[PDB]
């Protein structure tokens, strides 16, 4: 039955739009799936619920005093395709750890047993910028077995992908957390599809799909909607279908192999986004060259 999935990736590469869409495309193949957003900002469940920003567990637990005083119907809410939704809340700015927000919401969902009710999939939307103990909480507490890293042909998204992968490495031994695959979200930078496959092979995983840059996306967004919900017929919808399909069919759950900075930098130079280091000119003024 059920699979415990989590999607990681750097901020602003389109982690939530890939997640919400493939989950809507998964639930177009009639799956009860649940999205749990771990991100400070409530942007991780909004497109399914046609909402602006779902209420978070840190918001509502402030209102009722504690988490047990929260009643599930107004915590977890369903939208398109009966896809269940919970935005967990960030840290109290400058003071709390992000981890806490995530853990209390897992516990509230195991406690009021929405985890064992019928669901074929659970998905955690998790930021991969800092891969600290806090954001690695679903990995540490063995709540996410299948990590799907969203990225693109750009240094920082790759860095992120690799550093998320070092965290899978540490909890390989303690549990069953394993990397599924990378998902390349096109930046329209030149031969990025190739680059991310190179990385995927150097880590020992696959670049499970290449999601394109489409305007479709922001057309659907003005309506606070998923692409799958706005126009079922655009090939963007069938991209997310190809991924949503490829996701359930995957049986490659490697225990990845992280690379050096230098090794990563190779990839970037080799595929043209990063330039090549001419050492002649280093440390030399407008004059000296």
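Numbering follows the first chain given and starts at 1.
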Hey, which bit's got the bigger mean C-alpha B factor in the entry, 154-162 or 120-128?
120-128
Averaging only over Cα atoms, indicate whether 169-177 or 97-105 has the higher B-factor in the PDB entry.
169-177
Checking the entry, which one of 48, 259, 27, 38 has the top C-alpha B factor?
27
Relative to the other modelled residues in the chain, which third contains the C-alpha temperature factor of residue 34: lowest, middle or highest?
middle
If you rank the chain by CA B-factor, which third does residue 142 end up in: lowest, middle or highest?
middle
Residue 64 by Cα B-factor - lowest, middle or highest third of the modelled chain:
highest
Cα B factor band for residue 239 (lowest, middle or highest third within the chain):
middle
Lowest, middle or highest third - CA B-factor, residue 75:
highest
